[PDB]
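coords-v4.txt, holding compact mmCIF, C-alpha atoms:
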# COMPACT_ATOMS: atom_id res chain seq x y z
CA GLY S 108 -17.91 -144.18 125.87
CA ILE S 109 -16.10 -142.23 128.66
CA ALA S 110 -19.38 -142.34 130.71
CA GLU S 111 -18.63 -146.10 131.21
CA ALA S 112 -15.13 -145.28 132.63
CA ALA S 113 -16.44 -142.51 134.97
CA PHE S 114 -20.02 -143.01 136.32
CA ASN S 115 -22.27 -140.22 134.88
CA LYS S 116 -26.06 -139.69 135.53
CA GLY S 117 -26.33 -138.06 132.08
CA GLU S 118 -26.67 -140.05 128.77
CA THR S 119 -23.79 -142.43 127.85
CA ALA S 120 -21.40 -139.76 126.50
CA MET S 121 -18.73 -141.01 124.06
CA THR S 122 -14.95 -140.64 124.69
CA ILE S 123 -14.03 -136.95 125.48
CA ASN S 124 -12.70 -134.83 122.57
CA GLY S 125 -9.40 -133.12 123.53
CA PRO S 126 -10.56 -129.52 122.68
CA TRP S 127 -13.03 -128.85 125.57
CA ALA S 128 -16.37 -127.00 124.96
CA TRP S 129 -16.49 -124.19 127.60
CA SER S 130 -19.73 -123.00 125.89
CA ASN S 131 -22.45 -125.36 127.23
CA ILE S 132 -26.21 -126.18 126.87
CA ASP S 133 -26.80 -123.06 129.13
CA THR S 134 -25.69 -121.10 125.99
CA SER S 135 -27.71 -123.75 123.94
CA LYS S 136 -24.32 -124.81 122.42
CA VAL S 137 -23.66 -128.49 123.38
CA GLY S 138 -26.19 -131.22 124.37
CA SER S 139 -27.08 -132.22 127.96
CA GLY S 140 -23.60 -131.79 129.56
CA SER S 141 -24.86 -130.30 132.86
CA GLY S 142 -22.94 -132.34 135.49
CA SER S 143 -19.86 -132.28 137.79
CA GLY S 144 -19.49 -136.10 137.54
CA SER S 145 -19.83 -138.53 140.50
CA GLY S 146 -17.71 -141.67 139.99
CA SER S 147 -14.55 -143.32 141.36
CA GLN S 148 -10.96 -143.64 140.06
CA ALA S 149 -8.76 -146.76 139.67
CA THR S 150 -5.75 -146.80 142.06
CA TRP S 151 -2.42 -145.26 140.94
CA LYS S 152 1.20 -145.79 142.09
CA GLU S 153 4.16 -143.33 142.12
CA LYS S 154 6.37 -143.13 138.97
CA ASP S 155 10.17 -143.16 139.58
CA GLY S 156 12.37 -140.56 137.82
CA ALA S 157 10.67 -139.14 134.68
CA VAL S 158 7.30 -139.58 132.88
CA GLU S 159 7.49 -142.02 129.89
CA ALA S 160 5.83 -141.93 126.41
CA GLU S 161 3.30 -144.60 127.60
CA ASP S 162 3.18 -143.47 131.28
CA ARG S 163 0.39 -141.63 133.12
CA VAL S 164 0.87 -138.63 135.51
CA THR S 165 -1.53 -136.51 137.59
CA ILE S 166 -1.06 -133.12 135.90
CA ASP S 167 -2.34 -129.62 136.56
CA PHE S 168 -3.11 -127.04 133.80
CA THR S 169 -4.28 -123.40 133.74
CA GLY S 170 -3.23 -120.20 131.88
CA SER S 171 -3.99 -118.37 128.59
CA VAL S 172 -4.46 -119.29 124.91
CA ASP S 173 -2.45 -116.99 122.55
CA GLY S 174 -2.57 -114.33 125.36
CA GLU S 175 -6.38 -114.70 125.82
CA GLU S 176 -7.58 -115.91 129.28
CA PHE S 177 -9.97 -118.86 128.54
CA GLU S 178 -12.21 -119.53 131.58
CA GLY S 179 -13.74 -123.04 131.52
CA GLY S 180 -10.66 -124.65 129.95
CA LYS S 181 -8.57 -125.57 133.02
CA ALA S 182 -8.32 -128.52 135.49
CA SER S 183 -6.37 -129.08 138.74
CA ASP S 184 -5.22 -132.62 139.84
CA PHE S 185 -6.24 -134.03 136.40
CA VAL S 186 -5.18 -137.69 135.97
CA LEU S 187 -3.56 -137.66 132.48
CA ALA S 188 -2.81 -140.76 130.45
CA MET S 189 -0.71 -139.24 127.58
CA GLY S 190 -1.01 -139.86 123.80
CA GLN S 191 -4.77 -140.43 124.14
CA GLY S 192 -7.32 -139.21 121.55
CA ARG S 193 -9.45 -138.17 124.59
CA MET S 194 -6.94 -135.34 125.21
CA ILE S 195 -5.39 -132.65 122.90
CA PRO S 196 -2.43 -133.54 120.47
CA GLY S 197 -0.30 -131.28 122.76
CA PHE S 198 -0.27 -134.15 125.34
CA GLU S 199 1.79 -136.20 122.81
CA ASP S 200 4.57 -134.57 124.93
CA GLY S 201 4.59 -131.75 127.60
CA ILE S 202 5.05 -134.19 130.54
CA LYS S 203 7.63 -136.52 128.86
CA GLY S 204 11.34 -136.73 129.77
CA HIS S 205 10.88 -134.94 133.14
CA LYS S 206 9.51 -135.36 136.69
CA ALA S 207 6.58 -134.01 138.80
CA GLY S 208 7.02 -131.36 141.55
CA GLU S 209 8.82 -129.05 139.05
CA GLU S 210 7.10 -126.03 137.40
CA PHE S 211 7.36 -125.37 133.63
CA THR S 212 5.61 -123.82 130.62
CA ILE S 213 4.30 -125.77 127.56
CA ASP S 214 2.65 -124.38 124.40
CA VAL S 215 0.13 -126.82 122.86
CA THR S 216 -1.94 -126.14 119.69
CA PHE S 217 -5.69 -126.86 119.84
CA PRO S 218 -6.87 -128.84 116.70
CA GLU S 219 -9.30 -127.66 113.97
CA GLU S 220 -11.77 -130.16 115.60
CA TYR S 221 -12.39 -127.47 118.34
CA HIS S 222 -16.19 -127.46 119.03
CA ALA S 223 -16.20 -123.88 120.49
CA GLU S 224 -16.96 -120.32 119.32
CA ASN S 225 -14.04 -118.01 120.32
CA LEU S 226 -11.66 -120.99 120.67
CA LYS S 227 -10.74 -122.47 117.23
CA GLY S 228 -7.37 -124.06 116.20
CA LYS S 229 -5.31 -121.54 118.30
CA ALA S 230 -2.35 -122.45 120.60
CA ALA S 231 -2.53 -122.35 124.46
CA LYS S 232 0.27 -122.13 127.04
CA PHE S 233 0.22 -123.69 130.55
CA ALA S 234 2.83 -122.23 132.95
CA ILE S 235 2.08 -124.58 135.87
CA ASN S 236 3.68 -127.23 138.16
CA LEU S 237 3.27 -130.92 137.24
CA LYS S 238 0.99 -132.08 140.11
CA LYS S 239 2.31 -135.61 140.99
CA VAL S 240 3.52 -138.86 139.37
CA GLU S 241 1.69 -140.45 142.37
CA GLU S 242 -1.95 -141.45 143.04
CA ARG S 243 -4.85 -138.91 143.07
CA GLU S 244 -8.11 -140.94 143.33
CA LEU S 245 -11.05 -138.45 143.70
CA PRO S 246 -8.96 -135.22 144.33
CA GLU S 247 -10.58 -132.61 146.67
CA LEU S 248 -9.64 -129.84 149.19
CA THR S 249 -7.06 -131.70 151.35
Take the structure in this file and express it as structure tokens.
Amino acid sequence: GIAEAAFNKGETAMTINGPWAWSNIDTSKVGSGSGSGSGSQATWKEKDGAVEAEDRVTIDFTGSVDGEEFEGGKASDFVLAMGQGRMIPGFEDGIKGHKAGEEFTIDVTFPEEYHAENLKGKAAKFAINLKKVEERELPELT
């Protein structure tokens, strides 16, 4: 489970599903997912040139989904290993064949596995700069 990778005080939660549940146990939707997470990251090094099909990059993502602004479903300085079942099938590409520091738009389709109410199988678009191909262990207000 992902709770082993990142130290969580909640129950040993299995590997994250790509489509993120904005609607929480406050709405009585998901189980006990009340937590910001307090762990530590493994150390990263800078990637030269472009991001590869196997390579990891610290991304950033925020925007709308089919023109609808979805609050809850965004993350800054997110440390993305691509082509992982933990993340959406949109991250099969999006970062590939280009560098960080540049700003771009990518449209990614959320799967039919989406465990949310308003959000179901619809495509999102992230018009945002790729954060860094470098390290970003425990990113905060720097």
Which residues come within 12 Å of residue 181 of chain S, counting all atoms listed in the file, excluding same-chain residues fewer than 6 positions away, as a PDB file with C-alpha atoms, in the coordinates of the input?
ATOM      1  CA  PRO S 126     -10.560-129.520 122.680  1.00  0.00           C
ATOM      2  CA  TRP S 127     -13.030-128.850 125.570  1.00  0.00           C
ATOM      3  CA  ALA S 128     -16.370-127.000 124.960  1.00  0.00           C
ATOM      4  CA  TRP S 129     -16.490-124.190 127.600  1.00  0.00           C
ATOM      5  CA  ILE S 166      -1.060-133.120 135.900  1.00  0.00           C
ATOM      6  CA  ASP S 167      -2.340-129.620 136.560  1.00  0.00           C
ATOM      7  CA  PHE S 168      -3.110-127.040 133.800  1.00  0.00           C
ATOM      8  CA  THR S 169      -4.280-123.400 133.740  1.00  0.00           C
ATOM      9  CA  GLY S 170      -3.230-120.200 131.880  1.00  0.00           C
ATOM     10  CA  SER S 171      -3.990-118.370 128.590  1.00  0.00           C
ATOM     11  CA  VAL S 172      -4.460-119.290 124.910  1.00  0.00           C
ATOM     12  CA  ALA S 231      -2.530-122.350 124.460  1.00  0.00           C
ATOM     13  CA  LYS S 232       0.270-122.130 127.040  1.00  0.00           C
ATOM     14  CA  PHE S 233       0.220-123.690 130.550  1.00  0.00           C
ATOM     15  CA  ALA S 234       2.830-122.230 132.950  1.00  0.00           C
ATOM     16  CA  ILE S 235       2.080-124.580 135.870  1.00  0.00           C
TER      17      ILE S 235
END
How many Å separate atom CA of residue 119 of chain S from atom CA of residue 192 of chain S?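 Atom CA of residue 192 of chain S lies at a distance of 17.9 Å from atom CA of residue 119 of chain S.
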Within 9 Å of residue 245 of chain S, counting only C-alpha atoms, which residues show up once you throw out same-chain ones fewer than 5 positions away? Write them as a ChimeraX atom specification, please. /S:146-148
Length of the atom CA of residue 195 of chain S to atom CA of residue 240 of chain S vector [Å]: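 Separating atom CA of residue 195 of chain S from atom CA of residue 240 of chain S is a distance of 19.7 Å.
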Atomic separation - atom CA of residue 120 of chain S relative to atom CA of residue 227 of chain S, Å: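 Result for atom CA of residue 227 of chain S versus atom CA of residue 120 of chain S: 22.3 Å, one decimal.
Nearest residue to residue 113 of chain S, choosing from S:151, S:244, S:178, S:133 and counting all atoms listed in the file: S:244.
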Please identify all polymer residues within 12 Å of residue 143 of chain S, counting only C-alpha atoms, omitting same-chain residues fewer than 2 positions from it, and present them as a list in words.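 Counting only C-alpha atoms, the residues come to residues 113, 114, 115, 116, 117, 140, 141, 145 and 146 of chain S.
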For residue 108 of chain S, which residue out of S:153, S:175, S:249, S:193 is the nearest one, using only C-alpha atoms?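 Comparing S:153, S:175, S:249, S:193 against residue 108 of chain S, the winner is S:193.
Residue nearest residue 208 of chain S within the list S:241, S:220, S:176, S:247: S:241 [criterion: smallest interatomic distance, only C-alpha atoms].
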Distance criterion (only C-alpha atoms): nearest to residue 243 of chain S out of S:162, S:111, S:118, S:184: S:184
Go through S:224, S:200, S:219, S:155 one by one, measure the shortest atom-to-atom distance of each to residue 188 of chain S using only C-alpha atoms, and give the residue with the smallest value.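 So, comparing all the options, the nearest one is S:200.
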Tell me, as a PyMOL selection string, which residues lie within 6 Å of residue 158 of chain S, counting only C-alpha atoms; anything in the same chain fewer than 3 positions away does not count. chain S and resi 162+203-205
